[PDB]
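Peer 1: Sequence first, structure after; it's an experimental one.
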Amino acid sequence: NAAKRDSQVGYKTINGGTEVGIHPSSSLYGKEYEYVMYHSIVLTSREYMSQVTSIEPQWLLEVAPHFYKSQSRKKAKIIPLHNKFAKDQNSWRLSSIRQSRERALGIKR
RNA sequence: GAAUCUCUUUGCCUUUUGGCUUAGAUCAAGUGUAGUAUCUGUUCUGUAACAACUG
């Protein structure tokens, strides 16, 4: 039961990629560490981890080289920075410019 | 020596590039229907002689 701190969605689980969270009653709420292990986990309105400690990936390797030791790097994608003035953050694309052109001309595929 | 025809190099070029400026400048991603162009395929393969008249 360990967790990896992702910048966009907060925390991913090592098993299955479940978006979890730190409970505010814990000691580690206002602070952040990158790799943490959690004693318990509760499904509610939001996930919550309980008894969370900082951990280093050297320890997670030297203890368990049998549970584990790319493809997720290949399947990833990125999206640009968000602006308020654009009103649809896909309209910069060449596909969306093509679609807006062919809609204004009035053709249909 | 000289004429006629015909072929090689050698001359001739004889349908043998007729202005300028910011290369004068920009850009070639639309649907249907229609016109024009072209391009692939298949099969099959009366005449002569004799007898008579010259009108």
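Peer 2: That came through, no problem. Numbering: from 1, shown residues only, chains lettered A, B, ... in the order given.
Peer 1: what separates the lengthiest helix in chain A from the chain centre, distance-wise?
Peer 2: What stands out as the longest helix in chain A, according to DSSP state H, is helix A:94-104. A distance of 32 Å separates the centroid of the chain from that of helix A:94-104, by CA atoms, centre = their mean, to the nearest Å.
Peer 1: Get me the contact residues on chain A for RNA strand B.
Peer 2: Counting by CB under 7 Å from any atom of the strand, the positions of chain A adjacent to RNA strand B are A:97-98, A:101-102, A:105-109. In this view, the C-beta of every residue, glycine as well, is placed from N, C-alpha and C.
Peer 1: mind listing what's buried in the longest helix of chain A?
Peer 2: Neighbour counts using 16 or more other CB atoms under 10 Å place no residue of helix A:94-104 among the buried ones.
Peer 1: Just the CA atoms of it, as PDB, please.
Peer 2: In PDB, the C-alpha atoms belonging to helix A:94-104 read as follows (Å, rounded to 0.1, in the frame of the first residue of the first chain):
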ATOM      1  CA  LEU A  94      -5.800  21.900 -37.400                       C
ATOM      2  CA  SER A  95      -8.700  19.400 -37.200                       C
ATOM      3  CA  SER A  96     -10.900  22.000 -35.500                       C
ATOM      4  CA  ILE A  97      -9.900  24.700 -38.000                       C
ATOM      5  CA  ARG A  98     -10.800  22.200 -40.800                       C
ATOM      6  CA  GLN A  99     -14.100  21.400 -39.200                       C
ATOM      7  CA  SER A 100     -15.000  25.100 -38.700                       C
ATOM      8  CA  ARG A 101     -14.100  25.800 -42.300                       C
ATOM      9  CA  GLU A 102     -16.200  23.000 -43.600                       C
ATOM     10  CA  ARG A 103     -19.100  24.000 -41.400                       C
ATOM     11  CA  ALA A 104     -19.000  27.600 -42.400                       C
END
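Peer 1: okay but residue A:52 is in contact with residue A:28, surely?
Peer 2: Yes. Applying CB atoms under 8 Å as the test, residue A:52 and residue A:28 come out as touching, 4.8 Å apart.
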